[PDB]
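Enquirer: Hey, dropping work02.cif in here, mmCIF, C-alpha atoms and all ligand atoms:
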```cif
data_final
loop_
_atom_site.label_atom_id
_atom_site.label_comp_id
_atom_site.auth_asym_id
_atom_site.auth_seq_id
_atom_site.Cartn_x
_atom_site.Cartn_y
_atom_site.Cartn_z
CA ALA O 1 -9.27 9.21 -20.88
CA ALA O 2 -9.99 12.92 -21.51
CA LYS O 3 -13.66 13.35 -22.38
CA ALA O 4 -14.99 15.65 -25.07
CA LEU O 5 -18.60 16.64 -25.73
CA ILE O 6 -19.62 17.92 -29.16
CA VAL O 7 -23.10 19.43 -29.43
CA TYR O 8 -24.29 20.55 -32.90
CA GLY O 9 -27.32 22.33 -34.35
CA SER O 10 -27.66 21.49 -38.05
CA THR O 11 -30.60 21.63 -40.47
CA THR O 12 -29.07 20.52 -43.79
CA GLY O 13 -26.31 18.35 -42.37
CA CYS O 14 -23.32 20.68 -42.86
CA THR O 15 -22.53 21.37 -39.21
CA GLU O 16 -23.38 17.74 -38.37
CA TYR O 17 -20.77 16.45 -40.85
CA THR O 18 -18.31 18.97 -39.46
CA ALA O 19 -19.01 17.64 -35.95
CA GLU O 20 -18.48 14.04 -37.12
CA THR O 21 -15.16 14.99 -38.68
CA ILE O 22 -13.99 16.71 -35.50
CA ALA O 23 -15.15 13.76 -33.38
CA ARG O 24 -13.05 11.35 -35.45
CA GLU O 25 -9.96 13.55 -35.12
CA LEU O 26 -10.30 13.79 -31.38
CA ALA O 27 -11.03 10.10 -30.93
CA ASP O 28 -7.96 9.17 -33.00
CA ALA O 29 -5.88 11.28 -30.57
CA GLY O 30 -7.27 9.36 -27.60
CA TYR O 31 -10.27 11.37 -26.43
CA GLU O 32 -13.50 9.68 -25.46
CA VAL O 33 -16.03 11.65 -27.55
CA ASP O 34 -19.75 12.07 -26.98
CA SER O 35 -21.33 13.80 -30.00
CA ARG O 36 -24.96 14.93 -29.58
CA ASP O 37 -27.52 16.68 -31.75
CA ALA O 38 -28.72 19.78 -29.91
CA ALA O 39 -32.32 18.63 -30.54
CA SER O 40 -31.59 15.77 -28.07
CA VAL O 41 -30.01 17.66 -25.13
CA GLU O 42 -31.13 19.67 -22.13
CA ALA O 43 -29.03 22.59 -21.00
CA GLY O 44 -28.94 22.01 -17.22
CA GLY O 45 -25.49 20.73 -16.36
CA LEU O 46 -24.91 19.71 -19.99
CA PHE O 47 -21.12 20.23 -19.76
CA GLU O 48 -20.65 18.44 -16.42
CA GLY O 49 -17.99 15.76 -16.56
CA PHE O 50 -16.32 16.94 -19.78
CA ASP O 51 -12.80 18.18 -20.17
CA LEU O 52 -13.49 19.85 -23.55
CA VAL O 53 -16.77 21.02 -25.09
CA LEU O 54 -17.19 21.90 -28.76
CA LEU O 55 -20.36 23.71 -29.84
CA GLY O 56 -21.45 23.75 -33.50
CA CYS O 57 -24.26 25.88 -34.90
CA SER O 58 -25.31 27.13 -38.34
CA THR O 59 -26.58 30.68 -38.97
CA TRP O 60 -30.03 31.63 -40.25
CA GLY O 61 -32.53 34.53 -40.31
CA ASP O 62 -34.41 36.28 -43.06
CA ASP O 63 -33.09 39.65 -42.02
CA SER O 64 -31.23 39.22 -38.71
CA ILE O 65 -28.68 36.84 -37.19
CA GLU O 66 -30.55 33.80 -35.87
CA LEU O 67 -29.21 30.55 -34.45
CA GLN O 68 -30.21 27.14 -35.78
CA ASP O 69 -33.53 26.24 -34.16
CA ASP O 70 -32.38 23.23 -32.12
CA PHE O 71 -29.56 25.29 -30.67
CA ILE O 72 -31.75 28.21 -29.51
CA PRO O 73 -32.90 26.63 -26.20
CA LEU O 74 -29.32 25.70 -25.30
CA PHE O 75 -28.08 29.23 -26.08
CA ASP O 76 -30.95 30.76 -24.10
CA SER O 77 -30.01 28.61 -21.07
CA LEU O 78 -26.23 28.63 -21.54
CA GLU O 79 -25.77 30.03 -18.01
CA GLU O 80 -26.81 26.68 -16.56
CA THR O 81 -24.56 24.41 -18.62
CA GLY O 82 -21.44 24.45 -16.45
CA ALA O 83 -19.41 26.74 -18.71
CA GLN O 84 -17.43 28.55 -15.99
CA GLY O 85 -13.81 27.49 -16.34
CA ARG O 86 -14.73 25.04 -19.11
CA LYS O 87 -12.42 24.67 -22.12
CA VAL O 88 -14.68 25.42 -25.15
CA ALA O 89 -14.41 26.05 -28.81
CA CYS O 90 -17.08 26.80 -31.41
CA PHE O 91 -17.73 25.93 -35.06
CA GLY O 92 -20.48 26.33 -37.58
CA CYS O 93 -21.51 26.29 -41.19
CA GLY O 94 -22.69 29.31 -43.16
CA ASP O 95 -22.57 30.99 -46.56
CA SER O 96 -20.32 33.96 -47.33
CA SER O 97 -23.03 35.43 -49.59
CA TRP O 98 -24.37 36.76 -46.28
CA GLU O 99 -22.87 39.77 -44.55
CA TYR O 100 -22.79 38.12 -41.11
CA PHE O 101 -20.84 35.01 -42.18
CA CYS O 102 -21.34 32.30 -39.50
CA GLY O 103 -22.69 35.03 -37.20
CA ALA O 104 -24.12 32.36 -34.87
CA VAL O 105 -20.52 31.43 -33.97
CA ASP O 106 -19.88 35.00 -32.82
CA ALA O 107 -23.03 35.10 -30.69
CA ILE O 108 -22.21 31.86 -28.96
CA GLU O 109 -18.58 32.80 -28.34
CA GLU O 110 -19.57 36.14 -26.85
CA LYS O 111 -22.00 34.60 -24.39
CA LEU O 112 -19.52 31.84 -23.42
CA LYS O 113 -16.91 34.49 -22.65
CA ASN O 114 -19.36 36.41 -20.42
CA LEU O 115 -20.07 33.07 -18.66
CA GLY O 116 -16.41 32.49 -17.83
CA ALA O 117 -15.62 29.74 -20.34
CA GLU O 118 -12.07 29.38 -21.64
CA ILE O 119 -12.24 29.70 -25.43
CA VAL O 120 -9.30 27.67 -26.64
CA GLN O 121 -9.36 28.57 -30.33
CA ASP O 122 -11.03 31.07 -32.60
CA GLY O 123 -14.21 29.66 -34.07
CA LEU O 124 -14.19 27.47 -37.15
CA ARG O 125 -16.36 28.94 -39.95
CA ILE O 126 -17.23 26.62 -42.86
CA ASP O 127 -18.33 28.34 -46.07
CA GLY O 128 -20.09 26.19 -48.46
CA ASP O 129 -19.43 22.48 -48.69
CA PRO O 130 -17.81 20.99 -45.54
CA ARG O 131 -16.39 17.90 -47.35
CA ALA O 132 -14.45 20.34 -49.52
CA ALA O 133 -13.11 21.89 -46.31
CA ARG O 134 -12.22 18.59 -44.59
CA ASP O 135 -8.50 19.40 -44.22
CA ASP O 136 -9.42 22.73 -42.59
CA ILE O 137 -11.76 20.94 -40.15
CA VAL O 138 -9.20 18.26 -39.16
CA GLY O 139 -6.55 20.96 -38.80
CA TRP O 140 -8.75 23.04 -36.55
CA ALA O 141 -9.45 20.01 -34.36
CA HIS O 142 -5.70 19.43 -34.13
CA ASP O 143 -5.16 23.09 -33.15
CA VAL O 144 -7.88 22.91 -30.49
CA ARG O 145 -6.17 19.88 -28.95
CA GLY O 146 -2.87 21.76 -29.07
CA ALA O 147 -4.29 24.70 -27.16
CA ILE O 148 -5.67 22.73 -24.19
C1 LIG Y 1 -32.84 32.13 -44.78
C2 LIG Y 1 -31.34 31.83 -44.62
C3 LIG Y 1 -30.57 32.74 -43.90
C4 LIG Y 1 -29.22 32.47 -43.73
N1 LIG Y 1 -28.45 33.39 -43.07
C5 LIG Y 1 -27.05 33.16 -42.97
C6 LIG Y 1 -26.23 34.10 -42.37
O1 LIG Y 1 -26.69 35.18 -41.91
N2 LIG Y 1 -24.88 33.82 -42.31
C7 LIG Y 1 -24.32 32.68 -42.84
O2 LIG Y 1 -23.10 32.51 -42.77
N3 LIG Y 1 -25.16 31.80 -43.45
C8 LIG Y 1 -26.49 32.02 -43.52
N4 LIG Y 1 -27.28 31.07 -44.14
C9 LIG Y 1 -26.63 29.85 -44.74
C10 LIG Y 1 -26.52 28.61 -43.90
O3 LIG Y 1 -26.13 28.70 -42.55
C11 LIG Y 1 -25.95 27.41 -44.63
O4 LIG Y 1 -26.90 26.96 -45.59
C12 LIG Y 1 -25.45 26.29 -43.76
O5 LIG Y 1 -24.71 25.44 -44.65
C13 LIG Y 1 -26.46 25.46 -43.02
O6 LIG Y 1 -25.73 24.58 -42.14
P1 LIG Y 1 -26.45 23.36 -41.46
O7 LIG Y 1 -26.75 22.34 -42.53
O8 LIG Y 1 -25.43 22.80 -40.50
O9 LIG Y 1 -27.69 23.84 -40.79
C14 LIG Y 1 -28.66 31.35 -44.33
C15 LIG Y 1 -29.46 30.44 -45.00
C16 LIG Y 1 -30.81 30.68 -45.16
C17 LIG Y 1 -31.65 29.68 -45.93
#
```
Show this structure as structure tokens.
Expert:
Amino acid sequence: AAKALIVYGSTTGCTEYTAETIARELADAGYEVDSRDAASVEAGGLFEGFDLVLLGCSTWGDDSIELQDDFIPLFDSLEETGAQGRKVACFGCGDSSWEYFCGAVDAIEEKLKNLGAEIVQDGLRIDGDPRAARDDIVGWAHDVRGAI
């Protein structure tokens, strides 16, 4: 009955597997889940019709914090997605060898807050292998549902 959208930007598959794991948790709890690669979406009205939106994005950049490339157009047009009043939470893969660990998650959360979204949980930051972190991912999904 409640509808969740998960949109992920992933280049090596880490954030995509994380998104799949979240989608299964939410669907087992009774949500209808639509999980979309950011490469396939357009920003205008993207969040319309959804009760919960989860945004996943890995972090990149040779010497600066950059978002995963398929997520950049969505971030640049986040003001047109329908985020005002929307229950959101963010997740992403990264590598703690880097100073700005999952820094894309911070950038997306900051812009969502300016846009009036309701961030329902602190962002999930996956370091290294996501299958190794599966219990952390499922637990975070449970906590997001519990904060609605
Ligand atoms: C050039 C480069 C820069 C990166 N910069 C960061 C970074 O600043 N912070 C971070 O947490 N991870 C950084 N990473 C690591 C990745 O985000 C990590 O490999 C991640 O697992 C990719 O997730 P994805 O498969 O979902 O795209 C960097 C990786 C590369 C190759």
Enquirer: Within 6 Å of ligand LIG 1 (chain Y), which residues show up when you count all atoms listed in the file? List them as a PyMOL selection string, please.
Expert: chain O and resi 10-16+58-62+65+93-96+98+100-103
Enquirer: With all atoms listed in the file as the atoms that count, which of O:134, O:36, O:24, O:145 lies nearest to residue 88 of chain O?
Expert: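 Smallest distance to residue 88 of chain O is found for O:145.
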Enquirer: Would you mind telling me which residue in O:66, O:39, O:57, O:112 lies nearest to residue 78 of chain O when using only C-alpha atoms?
Expert: O:112
Enquirer: Using all atoms listed in the file, can you tell me which of O:51, O:63, O:129, O:110 comes closest to residue 87 of chain O?
Expert: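 Ranked by minimum distance to residue 87 of chain O, first place goes to O:51.
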Enquirer: One number please: atom CA of residue 84 of chain O to atom CA of residue 115 of chain O, in Å, one decimal.
Expert: 5.9 Å
Enquirer: Nearest residue to residue 17 of chain O out of O:133, O:147, O:142, O:68, using only C-alpha atoms?
Expert: O:133
Enquirer: Between O:29, O:124, O:40, O:117, which is the closest to residue 92 of chain O once you count only C-alpha atoms?
Expert: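 Checking each candidate against residue 92 of chain O, we get O:124 as the closest.
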Enquirer: With all atoms listed in the file as the basis for distance, which of O:25, O:106, O:135, O:127 is at the shortest distance from residue 55 of chain O?
Expert: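 Comparing O:25, O:106, O:135, O:127 against residue 55 of chain O, the winner is O:106.
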Enquirer: Atom CA of residue 82 of chain O to atom CA of residue 141 of chain O: how many Å, to one decimal?
Expert: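 It comes out at 22.0 Å.
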Enquirer: Using atom CA of residue 71 of chain O and atom CA of residue 6 of chain O as the two end points, give the distance in Å to one decimal.
Expert: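 According to the coordinates, atom CA of residue 71 of chain O and atom CA of residue 6 of chain O are separated by 12.5 Å.
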Enquirer: Set up a box along x, y and z of the file covering all listed atoms of segment 116-134 of chain O, add 8 Å on every one of the six sides, and write the centre and edge lengths in Å to one decimal, as JSON.
Expert:
```
{"center_x": -14.7, "center_y": 25.2, "center_z": -33.7, "size_x": 26.8, "size_y": 30.6, "size_z": 47.7}
```
